[PDB]
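These notes are about the structure you will find just below.
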Amino acid sequence: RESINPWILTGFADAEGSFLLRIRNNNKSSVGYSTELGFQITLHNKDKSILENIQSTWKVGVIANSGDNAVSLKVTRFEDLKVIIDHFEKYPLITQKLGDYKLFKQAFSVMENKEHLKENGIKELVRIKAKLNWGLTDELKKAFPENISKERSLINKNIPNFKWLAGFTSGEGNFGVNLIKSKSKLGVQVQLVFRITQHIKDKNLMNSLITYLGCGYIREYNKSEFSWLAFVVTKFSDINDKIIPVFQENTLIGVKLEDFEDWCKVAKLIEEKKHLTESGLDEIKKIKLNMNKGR
DNA sequence: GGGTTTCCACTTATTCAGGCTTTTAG
DNA sequence: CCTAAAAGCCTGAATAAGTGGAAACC
Ligand SMILES: [Ca+2]
Ligand SMILES: [Ca+2]
Ligand SMILES: [Ca+2]
Ligand SMILES: [Ca+2]
Ligand SMILES: [Ca+2]
Ligand SMILES: [Ca+2]
């Protein structure tokens, strides 16, 4: 069905994609190892249409269930990876994942000249995999006795355009309706909230949202060793003037588009001050009940 | 072929999204 | 007061990332 704008695709890939390089013990293989290179996205079943739309925009990849509640798009067929490369050359990633893309690209070169069927090339793929995502397993590191660096250039890039932002937000965004309980008259204060969430590794990008969108603040959380950030907009005039117009003009994808639409409906109610009456408050309540985790 | 590529079922780790309450601003 | 905006928690699952196994094939 619908194809996806390329910058929206890149922004959603910055959010939900991952590159992959398997180096597998294989006794039937000449060098003792077989490889598989590619790029993949795993989403909840409700958003399978996105994967099919990506599959039809690029015309590559295979779709399969990933457990009971999720579905994946996986591109590993070697020739079709040239499409992945051409897309991300023209429409490049901006998060730390760009670093993983560059490794994917180096690994493609190795395999494009058949060097991975030789000892030298497998050894290079191991050095590449060492810096890719979570790196080498203990067994792989010990099977390749040499000083292999795990570090890589930090990525620091700016948001290229609102299309990238809409793809990224379709992955990490949250259009929330906070029903703030109060012993007040009607009691609950309706508060529209926009939020983007990201691991602290892209702090610089998150901070730039405040500059880029003209609003919001950055909150920091952590759970044990794991830290992340939330960009959060609460002032309704910023939501109604600076946030809703961006996504009206750069359309979201997936079920989160429906969530943003309902969110706008509540924004209208709030604008009309109708959120201060039992009728508007009850309409808001049913709208919130039927969106996000109630969808 | 016979190594090698590709695909499909499935799993494990954590970074997200999200629903919630309390406090302050104006 | 009254309402809007900010501060803030923190859980658990939709992600990210990865593996086992075998068919397909060049
Ligand atoms: Ca992400
Ligand atoms: Ca294919
Ligand atoms: Ca191929
Ligand atoms: Ca998402
Ligand atoms: Ca973990
Ligand atoms: Ca805070």
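In what follows, every chain begins at residue 1, and chains take the letters A, B, ... in the order their sequences are listed. Every heavy atom of this structure was used, including side-chain atoms; hydrogens, water molecules and symmetry mates were not.
For A/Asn178 against B/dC20, a side-chain-to-base donor-acceptor contact under 3.5 Å is present. Evaluation of atom-type donor-acceptor distances gives a pair under 3.5 Å for the side chain of A/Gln191 against the base of C/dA6. Evaluation of atom-type donor-acceptor distances gives no pair under 3.5 Å for the side chain of A/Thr76 against the base of B/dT5. Counting atom types as modelled, A/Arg24 pairs no side-chain N or O with a base atom of C/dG18 as donor and acceptor under 3.5 Å. For A/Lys223 against C/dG12, a side-chain N or O and a base N or O form a donor-acceptor pair under 3.5 Å. Residue-to-nucleotide contacts include no donor-acceptor pair under 3.5 Å from the side chain of A/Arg295 to the base of B/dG18.
The environment of NZ in A/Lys48 is sparse: at most 12 heavy-atom neighbours from other residues, nucleotides or ligands sit within 6.0 Å.
Nucleotides of DNA chain B nearest to A/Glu172 and A/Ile63 differ in position, and the one nearer the 5' end is that of A/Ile63.
The terminal axes of the helix from B/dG2-C/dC26 to B/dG26-C/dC2, fitted over 5 pairs per end, subtend an angle of 40° to the nearest 10°.
Listed by residue number, A/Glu16, A/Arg22 are the residues of residues 10-23 of chain A with a heavy-atom contact under 4.0 Å to DNA chain B.
Closest to the A/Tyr217 side chain, of the nucleotides B/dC16, C/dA7, B/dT5, is C/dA7. With C/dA14, C/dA17, C/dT3 as the choices, the nucleotide that has an atom nearest any side-chain atom of A/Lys97 turns out to be C/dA17. When distances are taken from the side chain of A/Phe226 to each of B/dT15, C/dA6, B/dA9, the shortest belongs to B/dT15. In the set C/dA4, C/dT15, B/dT4, the nucleotide with an atom closest to the side chain of A/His116 is B/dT4. Of the listed nucleotides (C/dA5, C/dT19, B/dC20), C/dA5 has the atom at the smallest distance from the side chain of A/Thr234. Here B/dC16 is the nucleotide among B/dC10, B/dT14, B/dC16 with the atom lying nearest to any side-chain atom of A/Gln198.
When the salt bridge (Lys or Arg N to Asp or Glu O under 4.0 Å) test is applied to A/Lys242, the partners found at least two apart in sequence or on another chain are A/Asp238. Scored by the salt bridge (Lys or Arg N to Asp or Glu O under 4.0 Å) test, A/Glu172 finds no partners at all (sequence neighbours excluded). Evaluation of the side chain to side chain donor-acceptor pair (under 3.5 Å) rule for A/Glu79 yields A/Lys82 as partners, not counting sequence neighbours. Looking at residues two or more places apart in sequence or on another chain, you find no side chain to side chain donor-acceptor pair (under 3.5 Å) involving A/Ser18. Partners of A/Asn158 according to the side chain to side chain contact (heavy atoms under 4.5 Å, CB included) rule, which considers only residues two or more places apart in sequence or in another chain, do not exist here. In this structure, the salt bridge (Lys or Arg N to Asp or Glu O under 4.0 Å) partners of A/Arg22, at least two apart in sequence or on a different chain, are A/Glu36. By the salt bridge (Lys or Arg N to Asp or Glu O under 4.0 Å) test, A/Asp47 is found to be paired with no residue, residues two or more places apart in sequence or in another chain being considered.
For A/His275 and C/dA4, the shortest distance from a side-chain N or O to OP1 or OP2 is below 4.0 Å.
Going by the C1'-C2'-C3'-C4' torsion, the sugar of B/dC20 sits on the north side, since that angle is positive.
A perpendicular orientation is assigned to the rings of A/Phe39 and A/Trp58, their planes being inclined by more than 60° (bins at 30° and 60°).
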